[PDB]
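> structure, please.
(one chain, ligands or ions: 1)
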Amino acid sequence: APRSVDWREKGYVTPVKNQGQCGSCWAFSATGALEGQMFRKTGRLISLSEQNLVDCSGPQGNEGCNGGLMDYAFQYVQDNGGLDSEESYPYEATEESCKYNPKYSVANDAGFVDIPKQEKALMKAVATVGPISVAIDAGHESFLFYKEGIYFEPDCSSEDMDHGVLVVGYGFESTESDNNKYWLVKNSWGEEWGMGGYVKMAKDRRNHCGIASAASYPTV
Ligand SMILES: *C(=N)CNC(=O)[C@H](Cc1cccc(C)c1)NC(=O)c1cc(C(C)(C)C)nn1C
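Numbering: from 1, shown residues only. Right below this line is the structure:
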């Protein structure tokens with residue numbers, strides 16, 4: 001792979017969103033990955049509806065504001081034959097009945113790919129595909145209060161992930177030979193969290209916080 005990647009500078013990534021108090025992180029991770037893949041396909045970045053996923057992807061196994069999986073979201077888009085734009089189907093931060101309208105569909109997918117559970121494979125996928133949906137262990141105060149720098153939490157688990165986010169790149173800080181490496185991660189807690197809503201997360205430390213344990217992307 002390249003030494004560094006940042007898909008934001010290539011037009012693949014919408015601004016940071018805010019999921020509010022709803023457990024819909026999975027929907028934000030999924031829309032982020034599909035926003036990227038649709039851009040790869042068409043050259044047009046269009047913000048997609050998390051609310052559409054929250055309201056409508058129960059049949060695939062999702063549980064709305066009570067949680068879900070990005071792969072189930074990708075399966076919904078495939079089964080449904082579409083996903084509405086954010087503009088047409090705006091975010092309300094609470095579960096409502098499904099009001100999908102095919103007139104306003106701006107995305108589709110033909111399934112998904114689950115990435116092997118290690119960081120070399122994740123790096124390959126980030127470099128060659130685009131932004132990647134991942135889950136992390138975000139269950140520490142250190143994550144809530146994260147400001148800047150490369151996040152490393154001694155108590156992070158590589159197995160207990162609770163939060164879906166989006167890897168939009170990776171790179172290094174300091175002298176290259178110091179191996180001070182990170183994943184560049186878009187969160188859905190607004191721009192006031194973290195570094196404008198982003199976090200740099202420890203890379204190549206044996207799957208810190210489980211970032212490579214549940215990584216996937218939609219096939220477009
Ligand atoms: C975010 N606001 C709430 N978190 C979730 O919805 C997590 C995200 C997650 C965690 C681990 C792996 C992935 C790919 C995503 N969802 C879950 O923990 C979750 C939901 C479910 C079902 C829908 C099957 C009950 N299972 N898990 C593990």
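
> contacting residues around residue 41?
For residue 41, the contacting residues are residue 220, by C-beta atoms under 8 Å, 6 or more residues apart in numbering. Backbone N, C-alpha and C define where each C-beta goes, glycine included.

> what is the biggest strand by length in the chain packed up against?
Secondary structure assigned by DSSP state E gives strand 163-172 as the longest strand of the chain. For strand 163-172, the elements it packs on are strand 5-6, helix 25-42, helix 119-128, strand 132-136, strand 181-186, judged by 3 or more C-beta pairs under 8 Å, 6 or more residues apart in numbering; DSSP states H and E.

> tell me the strands beside it, with direction?
strand 5-6 (antiparallel), strand 132-136 (antiparallel), strand 181-186 (antiparallel) (DSSP bridges).

> before we move on, the earlier item: so can I have CSV of the helices and strands packed on strand 163-172 showing distance to the ligand?
Output for the helices and strands packed on strand 163-172, formatted as CSV (distance: least, C-beta to the nearest ligand atom, whole Å):
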stretch, distance to the ligand
strand 5-6, 22
helix 25-42, 3
helix 119-128, 13
strand 132-136, 3
strand 181-186, 14
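
> so which of the ones you listed comes closest to residue 192?
Proximity to residue 192 (C-beta to C-beta) singles out strand 181-186 among the helices and strands packed on strand 163-172, at 14.3 Å.

> what's the offset of the closest one from the middle of its chain?
12 Å (C-alpha atoms, centre = their mean, to the nearest Å).

> after it, next one along is what?
The helix or strand immediately downstream of strand 181-186 is strand 198-202, counting by DSSP states H and E.

> got the angle for that following strand vs strand 132-136?
Inter-element angle recorded for strand 198-202 and strand 132-136: 70 degrees (by axes from the mean of the first three to the mean of the last three C-alpha atoms, to 10 degrees).

> contact partners for the nearest residue to residue 156 once chain neighbours are set aside?
In space, and not counting its chain neighbours, residue 156 is closest to residue 209: 4.1 Å by C-beta to C-beta, 6 or more residues apart in numbering. Contacts for residue 209 (C-beta under 8 Å, 6+ apart) come out as 136, 137, 138, 151, 153, 156, 157, 158, 161, 201, 202.

> before we move on, the earlier item: most tightly packed of the helices and strands packed on strand 163-172?
strand 132-136 (a mean of 28; mean count of other C-beta atoms under 10 Å).

> is any residue of the helix or strand just after that one near the ligand?
Reading on from strand 132-136 to the C-terminus, the next helix or strand found by DSSP H and E is helix 141-144. No - residues of helix 141-144 are not located near the ligand by C-beta under 6 Å from any ligand atom, the shortest gap being 12.7 Å.
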